[PDB]
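K.L.:
This is the structure I have questions about; it appears just below.
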Amino acid sequence: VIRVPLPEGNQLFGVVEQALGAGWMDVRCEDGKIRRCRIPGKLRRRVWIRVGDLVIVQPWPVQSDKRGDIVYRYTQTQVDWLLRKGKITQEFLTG
Amino acid sequence: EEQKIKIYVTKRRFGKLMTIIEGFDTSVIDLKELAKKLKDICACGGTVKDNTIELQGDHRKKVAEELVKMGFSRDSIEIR
Amino acid sequence: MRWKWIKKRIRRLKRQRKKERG
Amino acid sequence: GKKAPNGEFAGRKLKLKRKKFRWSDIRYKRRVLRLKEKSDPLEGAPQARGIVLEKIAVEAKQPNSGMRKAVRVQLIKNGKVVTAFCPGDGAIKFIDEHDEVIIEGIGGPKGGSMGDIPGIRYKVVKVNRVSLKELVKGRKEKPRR
RNA sequence: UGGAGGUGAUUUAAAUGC
RNA sequence: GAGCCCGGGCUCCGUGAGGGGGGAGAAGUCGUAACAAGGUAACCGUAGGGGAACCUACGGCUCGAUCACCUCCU
RNA sequence: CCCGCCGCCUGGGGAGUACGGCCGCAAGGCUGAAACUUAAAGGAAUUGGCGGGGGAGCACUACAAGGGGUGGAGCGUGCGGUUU
């Protein structure tokens, strides 16, 4: 039984666009905005996140349109599941 | 004029992959000074290797854009 | 170290003193 | 001779020595000139009212991460841009943009923002001349405009 | 028993890690 | 005999494109500089050169190196 | 341990820098901050681990010496992966 976490609340799917260094990445989000996102230390010490990865972004409560935290990074098999379920589109992944 | 160029990834040491730049006319263009300028743009190590410049890491777009800034034809440059 | 710094300080000084002289 | 001249008539040397060597206490020097009083806006004061230009949230320091509630307020006569740390949990709520916000320092005027916060020199007490610790408790008074 | 010089010096052992 | 005015000089307050550095953030890159003789001892003042850490020359110093070889001293 | 005088210091980093002045042909020197930031900077000794630090000594998961073999094939097996 495959199970895949989903964005909740005001969280958004995003594709990592650029590594900015020191736990920061620009992420192209499913609402069509690029957000500058922090990777929390807890996540940094668990996973390797790279350009092109699909992630869940939590927008910050202030400047919500410009900033967020990355809270999850999907594996490739999870990405394929999300595609099949229509949660994201191939056009979105490629950009 | 007519000066073409190739910019692509080239195996290197620690990091991931170097960057190779070739195709300059070595009788007109000083690769030593070009390399020094490029090394400042990428903030990485590098050398002139024969008639090419090798930079540590992946700086293909950076290099291409800087070369255009320096007066080299946009259409003479290919990133692979 | 103090090699570093002395020449960094000197280069800063010169370059800037070049920018003042100019 | 452990330093000092000792001798009846010498004293003046003493008298200037001290003073010469007093100015190695940063604090003393600073007050006696009044650098404490000139730099870190206020014009010295206990507190200052100012209009809340916007609300901003910033990141925490080195071992830490958490969204502190900070305002941007402009002191009115001072006419200076101050970013500021807001006490309390919910708070950022009870502060509407363009209410008056009185501002103080927090934890030694030296410059020292508390350990967590990078910048913030200062504290907020008030929203429309009623404070934040009064608005964390529901009963006491609740806000207007 | 513990201290100061003077000169051979050894390249056969490789950069990095939150 | 004031204020007032006029022309010039000098200085100071409110404020401005642009520009310098600091204490930082520590997930990108380059290298291995120092800390073990750090793998060419290290530092030092001076001078030149190198993208960078830095290298080299000349003089100094040990806060200097590990045996070995030679020399002295309770 | 006392008595006399003199220079210098007053946490770190900013910075031995800016500005100003003085001196110097030039290179530079002498004099010399502040904004800001930090709960350390530092010193000696102790222990341990470590060094392509030095001496002594062992080992057979060590190396030499030596005999055999794995890595080539087929098959058995457990795994990585993929598939389901």
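In the structure tokens, chains take letters A, B, ... by order of appearance, with residues numbered from 1 within each chain and ligands from 1 in the order shown.
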Please return, as a ChimeraX atom specification, all residues of chain D lying within 8 Å of chain G when only C-alpha atoms (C1' of nucleotides) are considered.
P.N.:
/D:1,5,24-25
K.L.:
Could you save those same residues with N, CA, C and O atoms as a PDB file, in the first residue's frame?
P.N.:
ATOM      1  N   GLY D   1      60.038  51.628  42.137  1.00  0.00           N
ATOM      2  CA  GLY D   1      58.849  52.517  42.072  1.00  0.00           C
ATOM      3  C   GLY D   1      57.785  51.820  41.268  1.00  0.00           C
ATOM      4  O   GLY D   1      57.951  51.520  40.067  1.00  0.00           O
ATOM      5  N   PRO D   5      54.685  58.700  40.577  1.00  0.00           N
ATOM      6  CA  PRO D   5      55.473  59.614  41.316  1.00  0.00           C
ATOM      7  C   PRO D   5      54.891  59.673  42.722  1.00  0.00           C
ATOM      8  O   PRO D   5      53.682  59.738  42.870  1.00  0.00           O
ATOM      9  N   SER D  24      40.138  54.714  28.779  1.00  0.00           N
ATOM     10  CA  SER D  24      40.055  53.327  28.383  1.00  0.00           C
ATOM     11  C   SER D  24      38.801  52.561  28.862  1.00  0.00           C
ATOM     12  O   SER D  24      38.618  51.430  28.420  1.00  0.00           O
ATOM     13  N   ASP D  25      37.956  53.123  29.747  1.00  0.00           N
ATOM     14  CA  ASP D  25      36.594  52.545  29.992  1.00  0.00           C
ATOM     15  C   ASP D  25      35.682  53.074  28.938  1.00  0.00           C
ATOM     16  O   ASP D  25      35.300  54.250  28.949  1.00  0.00           O
TER      17      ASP D  25
END
K.L.:
DSSP on the backbone: which residues in region 65-145 of chain D end up as helix (DSSP H, G or I)? Give the answer as a ChimeraX atom specification.
P.N.:
/D:91-93,133-136
K.L.:
When you look at region 35-41 of chain A with a cut-off of 12 Å (counting only C-alpha atoms (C1' of nucleotides)), what residues show up, excluding the ones that are within fewer than 2 positions of it in the same chain? I need them as number ranges by chain.
P.N.:
A: 12-33, 43-50, 55-60, 63-73; D: 59-60, 62-66; E: 18; F: 25-27
K.L.:
Give me the residues near residue 49 (chain D) as an mmCIF file with N, CA, C and O atoms, in the first residue's frame, where near means some atom within 9 Å (using only C-alpha atoms (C1' of nucleotides)) and where sequence neighbours in that chain fewer than 2 positions away do not count.
P.N.:
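Saved file around-v3.cif follows:
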data_model
loop_
_atom_site.group_PDB
_atom_site.id
_atom_site.type_symbol
_atom_site.label_atom_id
_atom_site.label_comp_id
_atom_site.auth_asym_id
_atom_site.auth_seq_id
_atom_site.Cartn_x
_atom_site.Cartn_y
_atom_site.Cartn_z
ATOM 1 N N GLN D 47 11.237 55.987 26.647
ATOM 2 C CA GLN D 47 10.357 55.387 25.613
ATOM 3 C C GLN D 47 10.092 56.307 24.364
ATOM 4 O O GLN D 47 10.463 57.490 24.393
ATOM 5 N N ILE D 51 4.466 55.375 14.594
ATOM 6 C CA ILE D 51 3.437 54.830 13.706
ATOM 7 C C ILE D 51 3.936 53.533 13.017
ATOM 8 O O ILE D 51 5.005 53.511 12.393
ATOM 9 N N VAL D 73 8.390 50.344 13.107
ATOM 10 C CA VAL D 73 7.729 51.565 13.539
ATOM 11 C C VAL D 73 8.644 52.737 13.206
ATOM 12 O O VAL D 73 9.865 52.589 13.138
ATOM 13 N N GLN D 74 8.035 53.887 12.942
ATOM 14 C CA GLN D 74 8.776 55.115 12.723
ATOM 15 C C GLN D 74 8.555 56.001 13.934
ATOM 16 O O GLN D 74 7.414 56.365 14.210
ATOM 17 N N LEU D 75 9.623 56.359 14.645
ATOM 18 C CA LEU D 75 9.489 57.342 15.708
ATOM 19 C C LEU D 75 9.183 58.673 15.082
ATOM 20 O O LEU D 75 9.645 58.983 13.999
ATOM 21 N N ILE D 76 8.400 59.459 15.789
ATOM 22 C CA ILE D 76 7.612 60.530 15.158
ATOM 23 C C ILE D 76 8.431 61.833 15.086
ATOM 24 O O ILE D 76 8.524 62.437 14.015
ATOM 25 N N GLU D 100 -0.798 53.748 16.829
ATOM 26 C CA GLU D 100 0.355 54.266 17.569
ATOM 27 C C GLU D 100 1.010 53.058 18.322
ATOM 28 O O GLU D 100 0.306 52.146 18.780
ATOM 29 N N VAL D 101 2.345 53.011 18.366
ATOM 30 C CA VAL D 101 3.056 51.987 19.087
ATOM 31 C C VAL D 101 4.207 52.621 19.809
ATOM 32 O O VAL D 101 5.143 53.140 19.206
ATOM 33 N N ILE D 102 4.120 52.534 21.123
ATOM 34 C CA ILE D 102 5.122 53.083 22.003
ATOM 35 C C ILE D 102 6.155 51.983 22.069
ATOM 36 O O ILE D 102 5.839 50.796 21.964
ATOM 37 N N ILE D 103 7.395 52.420 22.187
ATOM 38 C CA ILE D 103 8.550 51.589 22.052
ATOM 39 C C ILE D 103 9.506 51.885 23.179
ATOM 40 O O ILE D 103 9.626 53.012 23.619
ATOM 41 N N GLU D 104 10.184 50.851 23.639
ATOM 42 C CA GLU D 104 11.209 50.985 24.674
ATOM 43 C C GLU D 104 12.441 50.233 24.208
ATOM 44 O O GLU D 104 12.461 49.752 23.082
ATOM 45 N N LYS D 126 2.883 49.065 23.640
ATOM 46 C CA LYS D 126 1.499 49.540 23.444
ATOM 47 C C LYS D 126 0.890 49.387 22.037
ATOM 48 O O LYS D 126 1.587 49.426 21.023
#
K.L.:
Name all residues at most 9 Å from residue 40 (chain D) (count only C-alpha atoms (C1' of nucleotides); drop same-chain ones fewer than 5 positions away) and give them as a list in words.
P.N.:
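My list of contacting residues is residues 35, 109, 111 and 121 of chain D.
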K.L.:
When you get a sec, could you note down which chain B residues fall within 12 Å of chain E, using only C-alpha atoms (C1' of nucleotides), as an MDAnalysis selection string?
P.N.:
chainID B and resid 13:15
K.L.:
Export C-alpha atoms of the chosen residues as an mmCIF file, in the first residue's frame?
P.N.:
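Now in part_37.cif:
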data_model
loop_
_atom_site.group_PDB
_atom_site.id
_atom_site.type_symbol
_atom_site.label_atom_id
_atom_site.label_comp_id
_atom_site.auth_asym_id
_atom_site.auth_seq_id
_atom_site.Cartn_x
_atom_site.Cartn_y
_atom_site.Cartn_z
ATOM 1 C CA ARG B 13 38.623 16.797 -8.678
ATOM 2 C CA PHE B 14 36.603 17.383 -5.506
ATOM 3 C CA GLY B 15 33.222 18.990 -6.134
#
K.L.:
Neighbours of region 11-18 of chain C within 10 Å (only C-alpha atoms (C1' of nucleotides); same-chain residues fewer than 5 positions away dropped), as a VMD selection string?
P.N.:
(chain C and resid 5 to 6) or (chain F and resid 20) or (chain G and resid 17)
K.L.:
Report, in Å with one decimal, the straight-line distance from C1' of residue 26 (chain G) to CA of residue 8 (chain C).
P.N.:
20.3 Å
K.L.:
For the strand (DSSP E) assignment from backbone DSSP, which residues of region 4-64 of chain B qualify? Please present them as a CSV table (one decimal) with N, CA and C atoms, in the first residue's frame.
P.N.:
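Output below, filename out25.csv:
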chain,number,residue,atom,x,y,z
B,5,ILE,N,33.0,29.0,-30.1
B,5,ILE,CA,33.5,28.4,-28.8
B,5,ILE,C,32.6,27.3,-28.3
B,6,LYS,N,33.1,26.4,-27.5
B,6,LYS,CA,32.4,25.3,-26.9
B,6,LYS,C,32.6,25.4,-25.4
B,7,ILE,N,31.5,25.3,-24.7
B,7,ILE,CA,31.5,25.3,-23.2
B,7,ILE,C,30.8,24.0,-22.7
B,8,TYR,N,31.5,23.2,-22.0
B,8,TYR,CA,30.8,22.0,-21.5
B,8,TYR,C,31.5,21.5,-20.2
B,9,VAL,N,30.8,20.5,-19.6
B,9,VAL,CA,31.3,19.9,-18.4
B,9,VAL,C,32.5,19.0,-18.6
B,10,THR,N,33.5,19.1,-17.7
B,10,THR,CA,34.7,18.3,-17.8
B,10,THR,C,35.1,17.7,-16.5
B,18,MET,N,34.2,19.7,-13.6
B,18,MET,CA,34.8,21.0,-14.0
B,18,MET,C,34.1,21.6,-15.2
B,19,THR,N,34.6,22.6,-15.8
B,19,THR,CA,34.0,23.3,-16.9
B,19,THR,C,35.1,23.6,-17.9
B,20,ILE,N,34.9,23.1,-19.2
B,20,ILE,CA,35.9,23.3,-20.2
B,20,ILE,C,35.4,24.3,-21.3
B,21,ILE,N,36.4,25.2,-21.6
B,21,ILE,CA,36.1,26.3,-22.6
B,21,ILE,C,37.1,26.2,-23.7
B,22,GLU,N,36.7,25.9,-25.0
B,22,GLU,CA,37.6,25.8,-26.1
B,22,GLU,C,37.2,26.6,-27.3
B,46,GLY,N,41.4,27.2,-11.6
B,46,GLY,CA,41.4,26.9,-13.0
B,46,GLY,C,42.8,27.0,-13.6
B,47,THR,N,43.0,26.5,-14.8
B,47,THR,CA,44.2,26.7,-15.5
B,47,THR,C,44.0,26.7,-17.0
B,48,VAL,N,45.0,27.2,-17.8
B,48,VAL,CA,45.0,27.0,-19.2
B,48,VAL,C,45.6,25.7,-19.5
B,49,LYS,N,44.8,24.8,-20.1
B,49,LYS,CA,45.3,23.5,-20.4
B,49,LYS,C,45.3,23.4,-22.0
B,52,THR,N,42.9,25.4,-24.2
B,52,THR,CA,41.6,25.4,-23.5
B,52,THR,C,41.7,26.0,-22.1
B,53,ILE,N,40.6,26.3,-21.5
B,53,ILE,CA,40.6,26.8,-20.1
B,53,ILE,C,39.8,25.8,-19.3
B,54,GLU,N,40.2,25.3,-18.2
B,54,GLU,CA,39.5,24.4,-17.4
B,54,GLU,C,39.2,25.0,-16.0
B,55,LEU,N,37.9,25.0,-15.7
B,55,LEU,CA,37.5,25.6,-14.4
B,55,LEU,C,36.9,24.6,-13.5
K.L.:
Suppose you want the space between CA of residue 57 (chain D) and CA of residue 119 (chain D); what is it in Å?
P.N.:
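CA of residue 119 (chain D) lies 12.3 Å from CA of residue 57 (chain D).
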K.L.:
What are the residues of chain F that have an atom within 9 Å of an atom of chain B, counting only C-alpha atoms (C1' of nucleotides), as a PyMOL selection string?
P.N.:
chain F and resi 29-31+51-52
K.L.:
Create the file for the chosen residues now, containing N, CA, C and O atoms (P, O5', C5', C4', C3', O3' and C1' of nucleotides) and written as a PDB file, in the first residue's frame.
P.N.:
ATOM      1  P     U F  29      29.710  21.773  -3.921  1.00  0.00           P
ATOM      2  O5'   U F  29      30.486  23.047  -4.483  1.00  0.00           O
ATOM      3  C5'   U F  29      30.412  23.408  -5.874  1.00  0.00           C
ATOM      4  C4'   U F  29      31.582  24.274  -6.273  1.00  0.00           C
ATOM      5  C3'   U F  29      32.949  23.824  -5.794  1.00  0.00           C
ATOM      6  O3'   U F  29      33.477  22.779  -6.590  1.00  0.00           O
ATOM      7  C1'   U F  29      32.723  26.129  -5.445  1.00  0.00           C
ATOM      8  P     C F  30      34.755  21.993  -6.087  1.00  0.00           P
ATOM      9  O5'   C F  30      35.884  23.095  -6.154  1.00  0.00           O
ATOM     10  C5'   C F  30      36.416  23.490  -7.406  1.00  0.00           C
ATOM     11  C4'   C F  30      37.378  24.595  -7.146  1.00  0.00           C
ATOM     12  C3'   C F  30      38.571  24.163  -6.322  1.00  0.00           C
ATOM     13  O3'   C F  30      39.436  23.358  -7.126  1.00  0.00           O
ATOM     14  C1'   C F  30      37.725  26.201  -5.477  1.00  0.00           C
ATOM     15  P     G F  31      39.746  21.859  -6.660  1.00  0.00           P
ATOM     16  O5'   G F  31      40.739  22.092  -5.433  1.00  0.00           O
ATOM     17  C5'   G F  31      42.113  22.458  -5.694  1.00  0.00           C
ATOM     18  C4'   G F  31      42.697  23.337  -4.606  1.00  0.00           C
ATOM     19  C3'   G F  31      43.130  22.674  -3.315  1.00  0.00           C
ATOM     20  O3'   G F  31      44.213  21.775  -3.443  1.00  0.00           O
ATOM     21  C1'   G F  31      42.143  24.718  -2.809  1.00  0.00           C
ATOM     22  P     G F  51      46.851  35.948 -11.311  1.00  0.00           P
ATOM     23  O5'   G F  51      45.624  35.421 -10.434  1.00  0.00           O
ATOM     24  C5'   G F  51      44.833  36.356  -9.671  1.00  0.00           C
ATOM     25  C4'   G F  51      43.686  35.708  -8.912  1.00  0.00           C
ATOM     26  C3'   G F  51      43.931  35.357  -7.458  1.00  0.00           C
ATOM     27  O3'   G F  51      44.079  36.515  -6.635  1.00  0.00           O
ATOM     28  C1'   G F  51      42.531  33.715  -8.455  1.00  0.00           C
ATOM     29  P     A F  52      45.107  36.508  -5.401  1.00  0.00           P
ATOM     30  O5'   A F  52      44.475  35.431  -4.409  1.00  0.00           O
ATOM     31  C5'   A F  52      43.286  35.749  -3.655  1.00  0.00           C
ATOM     32  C4'   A F  52      42.690  34.514  -3.023  1.00  0.00           C
ATOM     33  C3'   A F  52      43.575  33.758  -2.047  1.00  0.00           C
ATOM     34  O3'   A F  52      43.509  34.393  -0.794  1.00  0.00           O
ATOM     35  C1'   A F  52      42.526  32.232  -3.478  1.00  0.00           C
TER      36        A F  52
END
K.L.:
Have a look at CA of residue 79 (chain A) and CA of residue 95 (chain A) and let me know their distance in Å, one decimal.
P.N.:
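Pair CA of residue 79 (chain A) / CA of residue 95 (chain A) returns 14.7 Å.
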K.L.:
So that I can check the surroundings of residue 58 (chain D), please list as a list in words every protein, DNA and RNA residue that reaches within 10 Å of it, counting only C-alpha atoms (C1' of nucleotides) and ignoring chain neighbours fewer than 4 positions away.
P.N.:
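These residues fall inside the cut-off: residues 62 of chain A; 65, 66, 67, 68, 69, 70, 71, 85, 117, 118 and 119 of chain D.
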K.L.:
What does the file look like for those residues with C-alpha atoms, as a CSV table (one decimal), in the first residue's frame?
P.N.:
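Done, and the output landed in selection.csv:
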chain,number,residue,atom,x,y,z
A,62,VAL,CA,4.4,37.3,6.3
D,65,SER,CA,14.7,29.0,14.5
D,66,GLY,CA,11.3,30.6,15.2
D,67,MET,CA,9.4,33.5,13.9
D,68,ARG,CA,9.6,36.4,16.2
D,69,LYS,CA,7.0,39.0,15.9
D,70,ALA,CA,8.6,42.3,14.9
D,71,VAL,CA,7.2,45.6,13.9
D,85,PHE,CA,10.5,42.9,18.9
D,117,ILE,CA,17.1,38.1,18.4
D,118,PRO,CA,19.9,39.5,16.1
D,119,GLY,CA,19.0,43.1,15.8
